[PDB]
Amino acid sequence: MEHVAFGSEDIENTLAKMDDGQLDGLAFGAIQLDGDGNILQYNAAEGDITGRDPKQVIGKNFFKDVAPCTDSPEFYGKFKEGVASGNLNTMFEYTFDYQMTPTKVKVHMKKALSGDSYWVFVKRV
C-alpha cells in the first residue's frame, strides 16, 4: 500500500509523482479533474466506494454526467469558486446518492501542484 494519509498538508506534492497505478494503491478515493470538471484520473478505492468502473468514467464530466448529486452550491459551487480563484483547499461531509445506496463520505478538494488540475479525495465516514 502507498502510505499517504487523507488530509495531509502536502498531499498534492506526494501525489504529483503518482501514475494511475500508484494512485490505485491509496487508502482513500482520489479523482483528478481539470478546470471544467472532466475526469483525468479515478482510482480503485473510489470505484470501491461508488460502484463506478474507473476506466469507464475517465473523460466524462464529473458534475454533469457522473455525479449530478454534486451539482449544487455546496460541492460544484465550491469547486468552481476555487478554479476561478486559482486556489482551493476545503473539506466537508457529503452524501453520494445517485444510482447507489446513499453513502456518507468526507470530501477533501485541493488544487493540484500541476496547472489546471484539481483533486477530489473521498473516504467513508
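Don't overthink the numbering: it's just position in the shown sequence, from 1. In this text, rigid core is short for the largest set of C-alphas that superpose within 1.5 Å between two forms.
**Student:** Do the Cα atoms of 68 to 76 stray more than those of 26 to 34 in 9 other deposited structures of this protein, or is it the other way round, with the core held fixed?
**Tutor:** Result of the core-fitted comparison in 9 other deposited structures of this protein: 26 to 34 deviates more.
**Student:** When the Cα temperature factors in the entry are averaged, is it 7 to 15 or 104 to 112 that ends up higher?
**Tutor:** Taking the mean B-factor of the alpha carbons in each, 7 to 15 is higher.
**Student:** Mean CA temperature factor from the deposited coordinates, higher in 54 to 62 or in 82 to 90?
**Tutor:** Higher of the two, by average CA B-factor, is 82 to 90.
**Student:** Per the entry's Cα B factor values, which of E46, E74, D36, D97 stands out as the maximum?
**Tutor:** Among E46, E74, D36, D97, the highest C-alpha B-factor in the entry belongs to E74.
**Student:** C-alpha B factor of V125, ranked within the chain: lowest, middle or highest third?
**Tutor:** Ranked within chain, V125 CA B lands in the middle tercile.
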